[PDB]
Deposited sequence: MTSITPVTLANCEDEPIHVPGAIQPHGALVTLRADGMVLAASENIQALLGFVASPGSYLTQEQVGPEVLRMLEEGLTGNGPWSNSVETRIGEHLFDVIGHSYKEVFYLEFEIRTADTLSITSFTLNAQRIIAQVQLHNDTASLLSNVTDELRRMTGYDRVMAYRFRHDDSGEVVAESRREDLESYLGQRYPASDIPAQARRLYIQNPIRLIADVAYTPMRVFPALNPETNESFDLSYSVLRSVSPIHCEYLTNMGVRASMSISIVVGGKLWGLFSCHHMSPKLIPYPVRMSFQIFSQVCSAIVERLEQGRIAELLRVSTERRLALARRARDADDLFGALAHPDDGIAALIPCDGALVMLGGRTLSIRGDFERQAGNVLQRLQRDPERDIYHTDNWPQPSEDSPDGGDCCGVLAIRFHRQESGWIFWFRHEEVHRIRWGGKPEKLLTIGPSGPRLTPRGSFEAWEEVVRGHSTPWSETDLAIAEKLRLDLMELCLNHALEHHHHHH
């Protein structure tokens, strides 16, 4: 019965809302096919009253439907299927699935004049051609963002990237003129709490037909079998958190639809479609996006590792240049401090320090004091050959490696505090009408929430950045020992 406030919202059970969106009806069955619960609108949408204890009957739901249901009813492992069928006055999409051991049948009115197979195929071809045309991982995102809008007619579609700390960044955008831009927006991990994030990962597509909707409750609330709520995780019609709904209306959005990009076990980022009036996307089309989601995820994965590959390649090429020079010139300092192949170019940094013997070369600033303090901190830890941190002198980020012990051969890279890369301003943008929860649920409030998180922090060191440092360290050890 608990109200969901700003304090609660992190722990909101959004998977068991026990209600569904109004653009469809829902019937929940148990293993034997016996009805356990239904949305309060089954009668109003489909001509009949589903009742707990009942079993579904032909042409109160039609034949092919039970035909489908029986198949999944007798199959081990998460059944999933859909049928198209006429029930009374209308034809329906009857998407059905089984999660836990409860079976779900979802009913959407089908208004499309097209054959489903071809509608599905047509859109799949169109939206994944965008995945064959681009080598830049950012062109991919940018282009499919522009294309998703062309296909769906959404007012605004955005591509989010998710950082290491699960903070988001709007990296692409295609929007109707009128609308303010959110390009370069940054929001915290708390804007998409655990359960919501778990769900985007498990579900390629989420659709919100109308944010201003009144939910259609499924009765009864609790599954008699367990005396605990129905887990609508894989339910297409599952209802929305009032918090998110308030957020979206603060923005002035009325319909959403998001396509996930999952790589590893991580939500790599999603495409969020927003409409200013309510909007619906037919089932077969959503399936076009679902399959797309899986392929795009695959290509983004490769494109990303193709990116790291090239980073490693030019790094070694520079380690080669470095090895070449060092042996022939015989001062390392000159080699390391080289303007372009220098260490400052090896790994993205705002500065670097080279330190062998008693001599100190600070390149791109005065870093001698910091390096001294960092080194003192490592006093307590004589065995550390590598040190790094984004919390901390005057530079937040530090990556230090040791290549000579006795003569204190050290290398440092430094990073300043992370800064909002792109920022809007210039003319006060319009007044958002703000709900009861407060300004926290506006983009402006989200950004501020993000600042408070990152400030005091430099950008984390790449998986890649550390790998390079490690290779460099090996190089110099070799050199110093060798000659």
(Q) No C-alpha coordinates means not modelled. Give me those stretches of the deposited sequence in order. (A) 1 to 3, 396 to 405, 497 to 505
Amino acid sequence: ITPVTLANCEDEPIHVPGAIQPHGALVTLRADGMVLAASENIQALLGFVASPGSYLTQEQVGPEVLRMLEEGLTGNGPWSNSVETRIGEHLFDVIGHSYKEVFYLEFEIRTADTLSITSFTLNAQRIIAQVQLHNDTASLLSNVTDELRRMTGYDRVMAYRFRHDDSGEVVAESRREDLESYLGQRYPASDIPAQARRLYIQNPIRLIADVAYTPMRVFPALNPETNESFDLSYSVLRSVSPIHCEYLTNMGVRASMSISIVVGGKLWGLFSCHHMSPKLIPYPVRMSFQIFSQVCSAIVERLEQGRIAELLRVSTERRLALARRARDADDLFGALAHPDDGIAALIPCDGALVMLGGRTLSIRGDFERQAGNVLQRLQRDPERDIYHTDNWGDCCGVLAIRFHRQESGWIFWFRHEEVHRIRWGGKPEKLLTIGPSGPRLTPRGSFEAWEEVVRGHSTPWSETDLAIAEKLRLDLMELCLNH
From here on, numbers count along this sequence of modelled residues.
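Under this definition, the rigid core comprises the largest set of C-alpha atoms superposing within 1.5 Å between the forms.
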Q. How do 158 to 166 and 78 to 86 compare in 4 other deposited structures of this protein: which one has C-alphas farther from this form after the rigid core is matched?
A. 78 to 86
Q. Fit on the core, then compare CA atoms: does 324 to 332 or 235 to 243 lie farther from this form in 4 other deposited structures of this protein?
A. 324 to 332
Q: Please establish whether a third or more of the other compared PDB entries omit coordinates for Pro220.
A: no
(Q) At a threshold of one third of the other compared entries, does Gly265 come out as unmodelled? (A) no
Q) For the stretches 256 to 264 and 98 to 106, which has the higher mean C-alpha B-factor as given in the deposited record? A) 98 to 106
Q) Which wins on mean Cα temperature factor, 434 to 442 or 56 to 64? A) 56 to 64
Q) Of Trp392, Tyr154, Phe403, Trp413, which one's C-alpha B factor is largest in the deposited record? A) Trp392
Q: Pick out which of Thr249, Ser190, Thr74, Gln376 has the highest C-alpha B-factor in the PDB entry.
A: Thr74
Q | Third of chain Cα B-factors occupied by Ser142 | A | middle
(Q) Among the modelled residues of this chain, does the Cα B factor of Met477 put it in the lowest, middle or highest third? (A) middle
Q.
Taking only the Cα B-factors deposited for this chain, tell me whether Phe333 sits in the lowest, middle or highest third.
A. highest
Q: Place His164 in the lowest, middle or highest third of its chain's C-alpha B-factors, as listed in the PDB entry.
A: highest
Q: Comparing against every modelled residue in the chain, figure out the third that the C-alpha B-factor of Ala38 lands in (lowest, middle or highest).
A: lowest
